[PDB]
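Two forms, one chain: they're shown below as structure tokens, one block per form, named structure 1 and structure 2.
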Structure 1
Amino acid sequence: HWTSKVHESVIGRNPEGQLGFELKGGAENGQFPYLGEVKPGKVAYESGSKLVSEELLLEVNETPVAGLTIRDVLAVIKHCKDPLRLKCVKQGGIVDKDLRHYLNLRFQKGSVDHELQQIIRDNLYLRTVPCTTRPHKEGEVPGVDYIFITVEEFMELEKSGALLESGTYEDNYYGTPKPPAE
């Protein structure tokens, strides 16, 4: 399963209040939060397993953070007292930092992988406004319910890799652009 190798690694802050690794990725790059280079001298381990480089960050103190921007992940961590309980999973095989692709995967309904995928999708949806080519309907605030764009624009976001989800419903395009880094 996708969540087979998920493990928890409990760490503390170092001097300068850092983690001994940098957070990369985030929804703004269309990615899972993931660990930069984990160097031995700098991670203040407490308990659980060890962190390696490139691991996908899933949860901080039971708060799911996959699907969020780096900025939001940093914000969860800052409102968490030590020690930080990190649920992570190594990249490799079908486990990858690419959020677009992860959201295309199709797991069994009822599966832990499916449950998790839905949590990650909702996180993504909390930080983004979808875009569509269908006309503004009454009741809708442009830029909140939907960024209303032309097909040429949708096609251009598409080709540029700006979209994490996309598709047509009734002769019109619908997608989710990457949130901005803030």
Structure 2
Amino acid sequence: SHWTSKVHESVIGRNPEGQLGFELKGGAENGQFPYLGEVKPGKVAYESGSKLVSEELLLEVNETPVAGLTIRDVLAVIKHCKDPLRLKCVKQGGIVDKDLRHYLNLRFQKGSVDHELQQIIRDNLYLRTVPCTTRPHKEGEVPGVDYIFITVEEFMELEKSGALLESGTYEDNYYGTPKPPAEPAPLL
């Protein structure tokens, strides 16, 4: 019944080349969970615990939640984690799907394990996104940092084209979060 009911921990090591044995797909820049490519038996160096089916959603790496991040950021987390890599995953099927917009529209009971996870995933998504809003700019706000200030017509165009991962309304205005960009601007 719960979204988290099939969650499990799989512990792996990196291959001689330094790879995981499978590819990572998805990520928030594509509106998705990070999820595994095809998992071919024999390619993953498992240590001990449960194994992985193809295309499981990746939720945490060595206790750092990565669901809600871009693929770049997920891979950066893995780069700084030391073997063994404890991966929290859940297989796709039923109510569990890689689509982040569908997932963020699910309403879980407050305080439930499903709810706590959803809010962690939202915090990750908020790390690399600026919300858009149709309400006017206010004193002290930096356009493009606090908000993207757009018209209602623009907002609805973003909704219709699937660019928004979540949206809502409050005091006569629309609020929403678009997908983060695939590659961020270099910092150094």
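Residue positions are counted from 1 along structure 1's sequence. Only residues modelled in both forms are compared. Under this definition, the rigid core comprises the largest set of C-alpha atoms superposing within 1.5 Å between the forms.
*Just checking, between the two structures and with the core aligned, does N14 shift 2 Å or more at the CA?*
False for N14: its C-alpha shift is below 2 Å.
*By how many angstrom is the Cα of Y34 displaced between the two structures when the rigid core is overlaid?*
Its C-alpha position differs by 0.3 Å.
*After lining up the core, report the Cα displacement of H136 between the two structures in Å, one decimal place.*
Once the two forms are fitted on their core, the shift reads 1.0 Å.
*Aligning on the rigid core, what is the distance the CA of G167 moves between the two structures, in angstrom?*
Looking at the C-alpha of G167 between the two structures, the offset is 2.8 Å.
*Structural rearrangement between the two structures, runs of 3 or more with C-alpha shift of 2 angstroms or more, core superposed*: The segments that shift (3 or more residues, C-alpha shift of 2 Å or more) are 150-152, 167-173.
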